[PDB]
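# Residue-level structure breakdown
Given next are the chains, with one letter for each unit.
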Amino acid sequence: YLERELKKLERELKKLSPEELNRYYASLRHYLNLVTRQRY
């Protein structure tokens, strides 16, 4: 139940490019699509 702190969190995480993480995120999500289907 930390909705307020979430704003204080995204503000600190935003220190790193919020577009650079998403780049590295898609190259990790597309893995889990077939990397977790046999390794939960």
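About the thresholds
- Residues numbered from 1 in each chain as written, not as in the entry; some residues may be left out.
- Heavy atoms only, no water.
- Helix = DSSP H or I, 4+ residues; strand = E, 2+ residues; numbered from the N terminus.
- Buried < 20%, exposed > 50% of the residue type's maximum accessible area, 1.4 Å probe, protein only.
- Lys, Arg positive; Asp, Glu negative; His and termini not counted.
- Charge placed at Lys NZ, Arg CZ, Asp CG, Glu CD.
- Expected span 1.5 Å × (residues − 1).
- Patch = residues over 30% accessible without salt bridge, like charges linked within 9 Å, V, L, I, M, F, W, Y side chains within 5 Å.
- Areas by Shrake-Rupley, 256 points an atom, 1.4 Å probe, with all protein chains shown as cover.
- Salt bridge = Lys/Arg side-chain N within 4 Å of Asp/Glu carboxyl O.

Per the deposited record, solution NMR is how this structure was determined.

### Some details on the overall build of the protein chain
Scanning the protein chain for helices and strands turns up two helices and zero strands. Principal-axis analysis of the C-alpha atoms gives the protein chain an extent of 35 × 25 × 10 Å. The buried share of the protein chain, reckoned over its 40 residues, is 0%. Looking at charge distribution, the protein chain has the averaged site of its 10 positive side-chain charges lying 4 Å from that of its 6 negative ones.

### Some details on helix 2 (residues 18-35)
Under the 1.5 Å per step criterion, the end-to-end length of helix 2 is 25 Å for 18 residues, consistent within 8% with the ideal 26 Å. Counted residue by residue, helix 2 has zero buried out of 18 residues, so it is predominantly exposed.

### Digging into a nonpolar patch on the surface
A cluster of nonpolar side chains, namely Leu6, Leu9, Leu13 and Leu21, defines an oily patch on the protein surface of about 380 Å² accessible area. The class of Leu13 is partly exposed, set by a relative accessible area of 45%.

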